[PDB]
Amino acid sequence: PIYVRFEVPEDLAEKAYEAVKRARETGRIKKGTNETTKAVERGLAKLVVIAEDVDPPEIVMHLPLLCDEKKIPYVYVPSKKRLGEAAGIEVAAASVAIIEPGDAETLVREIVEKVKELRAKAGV
Numbered sequence: 004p005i006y007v008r009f010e011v012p013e014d015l016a017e018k019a020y021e022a023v024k025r026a027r028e029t030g031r032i033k034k035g036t037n038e039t040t041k042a043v044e045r046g047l048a049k050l051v052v053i054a055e056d057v058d059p060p061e062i063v064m065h066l067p068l069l070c071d072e073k074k075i076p077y078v079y080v081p082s083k084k085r086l087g088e089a090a091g092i093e094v095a096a097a098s099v100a101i102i103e104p105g106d107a108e109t110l111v112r113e114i115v116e117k118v119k120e121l122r123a124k125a126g127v
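Right, here's the structure in full:
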């Protein structure tokens with residue numbers, strides 16, 4: 004999946020799901036590619052979470068490069084279904100932007116630091 008630019012360890016993906024849930028429950032998130040893209044463009048996203056199994060994939064393919072342009076970190080999770088569950092909706096979500104982490108503050112910081120590690124190693 005060409006828009007999936009680097010591998011993510013399974014336990015970090017779990018942290019990402021849990022960060023989305025906690026931010027949704029106690030903070031503010033955006034759901035879906037249109038509001039995720041706007042939050043990134045506007046510099047409001049603290050962390051973007053992108054599902055690896057979106058089909059058709061075109062709706063998410065621009066997000067990683069846009070995040071990079073805006074210096075906003077992103078991470079991947081395998082399952083749009085699980086990402087939607089975390090985002091508090093009844094169906095799959097392609098992407099989420101965490102705006103206000105709330106009680107997800109620690110997880111978000113942990114995820115950002117760990118993705119920095121992954122990307123330094125991968126060189127992407």
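For the sequence shown, the entry's author numbering assigns the number 4 to the initial residue and increments by one for each residue that follows. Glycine included, each C-beta is placed from N, C-alpha and C at the ideal position.
Here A48 is buried, its C-beta having at least 16 other C-beta atoms within 10 Å. Shown here, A100 sits in a strand according to DSSP, grouped into three states. Each of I114, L86 and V94 was checked against the Cα of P76, and the nearest Cα belongs to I114. Note on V52: 16 or more other CB atoms within 10 angstroms of its CB, so buried under the neighbour-count rule.
In this structure, the beta-carbon distance from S98 to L68 does not fall below 7 Å. For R45, there is no enclosing beta strand (DSSP E), as DSSP gives it neither H nor E.
DSSP places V118 within a helical segment (H, G or I) once states are collapsed to three.
Of all alpha-carbon atoms in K73, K117 and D14, the one lying nearest the alpha-carbon of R45 is that of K73. With a cutoff of 7 Å on beta-carbon distance, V63 and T36 are scored as near each other. Sorting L121, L110, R85 and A19 by C-alpha distance to the C-alpha of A95 places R85 at the top.
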